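Participant: Output the structure for:
(4 chains)
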Amino acid sequence: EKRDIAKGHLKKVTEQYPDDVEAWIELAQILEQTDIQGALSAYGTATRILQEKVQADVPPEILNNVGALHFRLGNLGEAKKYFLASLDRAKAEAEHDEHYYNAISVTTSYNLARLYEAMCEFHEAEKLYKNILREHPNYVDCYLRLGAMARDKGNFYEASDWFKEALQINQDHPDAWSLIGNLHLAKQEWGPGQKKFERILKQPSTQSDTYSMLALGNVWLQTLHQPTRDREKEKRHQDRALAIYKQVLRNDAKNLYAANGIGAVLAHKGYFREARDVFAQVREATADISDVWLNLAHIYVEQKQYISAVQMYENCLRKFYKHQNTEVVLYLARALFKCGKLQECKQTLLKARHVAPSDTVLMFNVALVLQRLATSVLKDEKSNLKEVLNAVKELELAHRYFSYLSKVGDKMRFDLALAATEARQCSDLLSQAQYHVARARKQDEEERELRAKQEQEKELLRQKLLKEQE
Amino acid sequence: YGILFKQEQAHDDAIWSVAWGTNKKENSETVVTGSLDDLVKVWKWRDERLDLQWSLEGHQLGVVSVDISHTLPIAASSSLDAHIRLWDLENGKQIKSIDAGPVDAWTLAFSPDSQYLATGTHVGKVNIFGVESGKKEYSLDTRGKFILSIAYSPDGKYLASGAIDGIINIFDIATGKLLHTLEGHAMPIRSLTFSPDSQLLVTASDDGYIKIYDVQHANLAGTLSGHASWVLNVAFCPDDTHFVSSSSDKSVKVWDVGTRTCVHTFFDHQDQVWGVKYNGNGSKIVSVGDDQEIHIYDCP
Amino acid sequence: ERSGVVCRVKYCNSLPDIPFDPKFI
Amino acid sequence: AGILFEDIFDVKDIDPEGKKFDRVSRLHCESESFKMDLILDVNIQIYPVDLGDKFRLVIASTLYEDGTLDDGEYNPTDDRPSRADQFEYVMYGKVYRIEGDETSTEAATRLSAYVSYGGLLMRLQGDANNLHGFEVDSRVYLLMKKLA
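Facilitator: Numbering: from 1, shown residues only, chains lettered A, B, ... in the order given. See below for the structure:
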């Protein structure tokens, strides 16, 4: 009601020039919510407009903000140059503690340290952050971005302690207080304990906090897929998460992580035809949610629509996050039953195993898929020499893993003594292989006799050549 | 400074390990590659151009490590097969297959005298193998979770180990005992390199932090920030003046040892680089990745 | 074969963290 | 269901060769979930499409939500639940060509299905996995809806 009319007046004056000076400033001043390129263009001619009436250097608040724009753009380097020349122009504001160029330099340095984090120049990011905190320790965001940086290293660092002292300096601070429990998301065994550490600022001054209450829904959904649903316990959990999701539904129709949660809990309720629709909505809403890519393909493989699923899996792999995400290739290799769903499935398992050789489940699953391809080549086959020669080696390897996993105690909370019936299988597969390798020698000897048969007749055609020559 | 050679589609599948020979036992003349396609392609870098000398097979799973002897023109290969196959390069013939059964095998390392063969193991032990015997002579037992990365001291007096969650273990290979158990990392280490004088040591974790440690007193010489992704492989510029960094973001930053500066970065692989090695002086730089395309970087 | 591949199938849901946009004076 | 293909496309260009027809415009679009190129002829007079738009495209063999064949005859007095109710722009055409990168010995990794909606031509090309529903001389529907 004040912003659309602002847009109208701004494009009432942008084409005009009644000595427009700041007209681009209050153009872009609303454009930062909107398209960023419009703000860039406004700053572009605004940089010029301060030069012709008098050759006046651009105040550093402009230059810091245009670097801030380029931060969310690809123009990271000249964003850095903007922050440098911003700090210089603030230094050129030598006497302006009324305007508090020092404070402007403080937030400019904050932006530049956030930029060094985008360079992954965490060393200089540390430098700028500790320069500000040693001079303004009352500030919190620098106090926790440092904590976030060590969170990238890990949880029980001074990451967690900068985070807790950020609450010590400001316990009213909802962002840091949320980040406290965000740390505790790593410890999922601290699942039911997160009620308390996400209750502390359920004081109604902080309420409504959509972010935290969705976090309650998420820590409440990770409770699911347990064998206690038949005991009505996870049914109550499903309906409780549903109640949270109804609450966030009514207070916000346009949240999308909510609708992802509703679709997830009803998919856990077994309504997968009733799930692809609700996920389709958030799909057009924004594709750039990593979760919905997975949850749609779970439905697809639930209709066994692999040729619709694995492509969107690797589409989720198109983010610059991790070259072998583990659960994605797990959720890829589910009912994969065709040829590339077997051998290239093995290749995917090898890619996962390369960075994750610790997993018992993964070495079980490679043994499983090797078993499948071994029984695919020895039963109605009547197949090549070399591949059935590889078959005995690969099933021997599979038996090595059958033995190896069975000696290990801990499993995925389901003991894998199931390798034992695989061991009887692979023994009878040894018998079948000894059957079929004889057939391999038979096909070798008959191909020898037929090549002798072509040798003799081509000798005969040279004989006809000799008759025509004479 | 740039790329000299680029080898288009050098493998059927993604390379995981690289071996470029340093000496003049016709190994500066060649490259050894180790891939998922079970092909150990011996690439003769001859006439300053990269020619295939041999293609070696039988590693039934994807190759995890290849290496070339300092004191010999032979090579060795490992995989998930736990059959550490030993390779002769003048003929492209297998010397032996060292079954590190049943699964207990990881990346390998030629000794500086090329007598002992270290490898990682699921239990945390570090198993040492006779190049002549194919036998586990003795296992350097240092408990932990899993051993991921190892490197000999090239002067032949220490060993260092990188584990599955950032455990750095210092050994005296003359006696095979643990000297220091350094813990500067929390996230998995995939590569570590002894200095050419073995005075320094490099760490390559999932944090983009090259934490450089002193060896002779075993302390932090300094932490160096790297890429945005996971840094994967590292090699020293053999004149002990630079080191290269393979990461998980199609990008190879080249670093100064002292000034801790990305002296250059290549971006040329469109996919995630896996393995790096320099020239005999460090001018040429070899580089592999999932692009299956090998890029050779002249760096004067 | 007799049964499919085993998984702890979950319809999980992730959260974005705090953005910290660079500030606008 | 009766759906041969479904994806979300993003208009990357409109009439690269210039406007050939007044009421018809050619869109060169690309999706994100499958990485499929699309050339599509649309009546922009009744269903205008701007550059950078984003829409959901659904090639279907039938309009009835239940698996039920169509007769190819116009029946406006049909009260069955049709999936055209959930879309804005709907066309009806036939597949007249399926190209691929196949060799004499290898199968096709990428396919290219060509459809004609009464002269308005479409080419949907990409991975052969997503174009198994297409068979030449087979009638399909477009079912295209714009989204924000």
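Participant: Quickly list what whichever residue of chain D sits closest to chain A is bridged to.
Facilitator: Nearest residue of chain D to chain A: residue D:147, at 3.9 Å (Cβ to the nearest Cβ). (Each C-beta comes from the backbone N, C-alpha and C, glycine too.) Residue D:147 forms beta bridges with residue D:54, as assigned by DSSP bridges.
Participant: wait, doesn't it sit right on residue D:55?
Facilitator: Yes - here residue D:147 reaches residue D:55: they are 6.2 Å apart, a contact under Cβ atoms under 8 Å.
Participant: what about the residue of chain D closest to chain A, neighbour count?
Facilitator: Counted with other Cβ atoms under 10 Å in any protein chain shown, residues neighbouring residue D:147 total 14.
Participant: any shared contact partners between residue D:147 and residue D:55?
Facilitator: Listed contacts common to residue D:147 and residue D:55 are residue D:8; contacts here mean Cβ atoms under 8 Å, 6 or more residues apart in numbering or on different chains.
Participant: From residue A:281, how far off is the residue of chain D closest to chain A?
Facilitator: 10 Å (Cβ to Cβ, to the nearest Å).
Participant: Going by residue numbers, what spans are helices in the stretch 201-350 of chain A?
Facilitator: A:210-221, A:233-251, A:256-268, A:276-285, A:290-302, A:306-316, A:326-332, A:343-355 (DSSP state H, counting those that start in this stretch).
Participant: do the second one and chain C meet at all?
Facilitator: What it means is helix A:233-251. No - using Cβ under 8 Å from any Cβ of the partner chain, helix A:233-251 never reaches chain C; the gap is at least 10.0 Å.
Participant: Sort out which residues of that helix are buried, please.
Facilitator: Of all the residues in helix A:233-251, those buried under the rule 16 or more other Cβ atoms under 10 Å in any protein chain shown are A:234, A:237-238, A:240-242, A:244-245, A:247-248.
Participant: again, but for the shortest one
Facilitator: Judged by neighbour count using 16+ other Cβ under 10 Å, the buried positions of helix A:326-332 are A:328-332.
Participant: For the closest residue to residue D:10 other than its chain neighbours, the count of nearby residues, please.
Facilitator: Spatially, and ignoring its direct neighbours in sequence, residue D:10 is nearest to residue D:54 (4.9 Å; Cβ to Cβ, 6 or more residues apart in numbering or on different chains). Using other Cβ under 10 Å, the number of residues around residue D:54 comes to 16.
Participant: Quick one: residues contacting residue D:54.
Facilitator: Residue D:54 neighbours (Cβ under 8 Å, 6+ apart): A:284, D:8-11, D:146-148.
Participant: who wins for most neighbours among these?
Facilitator: residue D:9 (23 neighbours).
Participant: tell me which parts of the stretch 101-250 of chain A are close to chain B?
Facilitator: A:120-123, A:152-154.
Participant: Chain neighbours aside, what residue packs nearest to residue A:123?
Facilitator: Residue A:123 sits nearest to residue B:225 (Cβ to Cβ, 6+ apart), 5.2 Å away.
Participant: Quick check, the one you found in contact with residue A:127.
Facilitator: No - using Cβ under 8 Å, residue B:225 is not in contact with residue A:127, being 11.6 Å away.
Participant: Between the two, tell me which one has more neighbours.
Facilitator: Comparing residue B:225 with residue A:127 by other Cβ under 10 Å, the one with more neighbours is residue B:225, at 22 against 14.
Participant: For the more buried one, list each beta-bridge partner.
Facilitator: residue B:209.
Participant: gap between it and residue B:107?
Facilitator: According to Cβ to Cβ, residue B:225 stands 25 Å off from residue B:107.
Participant: residue contacts, residue B:208?
Facilitator: A:120, A:122, B:225-231, B:247.
Participant: Now for residue D:130, how many residues are close by?
Facilitator: Neighbours around residue D:130, by other Cβ under 10 Å: 25.
Participant: Not counting sequence-adjacent ones, nearest residue to residue 23?
Facilitator: Using chain A here. Nearest to residue A:23 is residue A:13, by Cβ to Cβ, 6+ apart, at 5.0 Å.
Participant: um, chain D though
Facilitator: Residue D:23's closest residue in space is residue D:45 (Cβ to Cβ, 6+ apart), at 4.0 Å.
Participant: likewise residue A:165?
Facilitator: residue A:143 (7.2 Å).
Participant: Check the offset of the helix or strand hosting the one you found from the chain's centre.
Facilitator: Assessed by DSSP states H and E, residue A:143 sits inside helix A:141-153. Relative to its chain's centre, helix A:141-153 lies at 20 Å (Cα atoms, centre = their mean, to the nearest Å).
Participant: Now for the closest residue to residue A:331 other than its chain neighbours, how many residues are close by?
Facilitator: Leaving aside its chain neighbours, residue A:331 sits nearest to residue A:294 (6.1 Å; criterion: Cβ to Cβ, 6+ apart). A count of nearby residues for residue A:294, using other Cβ under 10 Å, gives 23.
Participant: Near residue D:76, how many other residues are there?
Facilitator: 4.
Participant: same question, residue A:65
Facilitator: When neighbours are counted by other Cβ under 10 Å, residue A:65 registers 24.
Participant: next SSE after the helix or strand harbouring it?
Facilitator: For residue A:65, the host element (DSSP H and E) is helix A:60-71. Per DSSP H and E, the first helix or strand lying C-terminal to helix A:60-71 is helix A:76-92.
Participant: what packs against the next helix or strand along the chain from that next one?
Facilitator: Once the chain leaves helix A:76-92, the next helix or strand it forms, by DSSP H and E, is helix A:101-118. If you count contacts as 3 or more Cβ pairs under 8 Å, 6 or more residues apart in numbering or on different chains; DSSP states H and E, helix A:101-118 packs onto helix A:60-71, helix A:76-92, helix A:122-135, helix A:141-153.
Participant: what residues are up against the residue nearest to residue A:308 when sequence neighbours are not counted?
Facilitator: Leaving out its chain neighbours, the residue that sits closest to residue A:308 by Cβ to Cβ, 6+ apart is residue A:300, at 4.7 Å. Shown in contact with residue A:300 (Cβ under 8 Å, 6+ apart): A:306, A:308-309, A:312.
Participant: Can you pull the residues of chain A lying near chain D?
Facilitator: A:283-284, A:287, A:307-308, A:311-312, A:315.
Participant: From those residues, list the buried ones, please.
Facilitator: If we count by 16+ other Cβ under 10 Å, the residues of chain A next to chain D have these buried: A:283, A:287, A:307-308, A:311-312, A:315.
Participant: most distant residue from the middle of chain B?
Facilitator: Distance from the C-alpha centroid of chain B, by Cα atoms, centre = their mean, peaks at residue B:47 (25.4 Å).
Participant: Ok, chain D next?
Facilitator: Residue of chain D lying farthest from the centroid, by Cα atoms, centre = their mean: residue D:105 (29.8 Å).
Participant: what about residue D:9, which SS state?
Facilitator: strand (DSSP: H, G, I helix; E, B strand; the rest coil).
Participant: Contact partners for it?
Facilitator: D:29-31, D:36, D:38, D:54-57.
Participant: Quick check: residues of chain D near chain A?
Facilitator: D:8, D:32-35, D:54, D:56, D:127, D:129-130, D:132, D:147-148.
Participant: quick check, nearest of the contacts of residue A:300 to chain B?
Facilitator: residue A:312 (19.8 Å).
Participant: rewinding a little: the helix holding residue A:65 and chain C in contact?
Facilitator: Yes - counting by Cβ under 8 Å from any Cβ, chain C is contacted by helix A:60-71 at A:61, A:64-65, A:67-68, A:71.
Participant: Now distance to residue D:96 too, for these, in JSON lines please.
Facilitator: Shown next, in JSON lines, are these (distance: Cβ to Cβ, whole Å):
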{"residue": "A:61", "distance to residue D:96": "62"}
{"residue": "A:64", "distance to residue D:96": "59"}
{"residue": "A:65", "distance to residue D:96": "55"}
{"residue": "A:67", "distance to residue D:96": "54"}
{"residue": "A:68", "distance to residue D:96": "53"}
{"residue": "A:71", "distance to residue D:96": "50"}
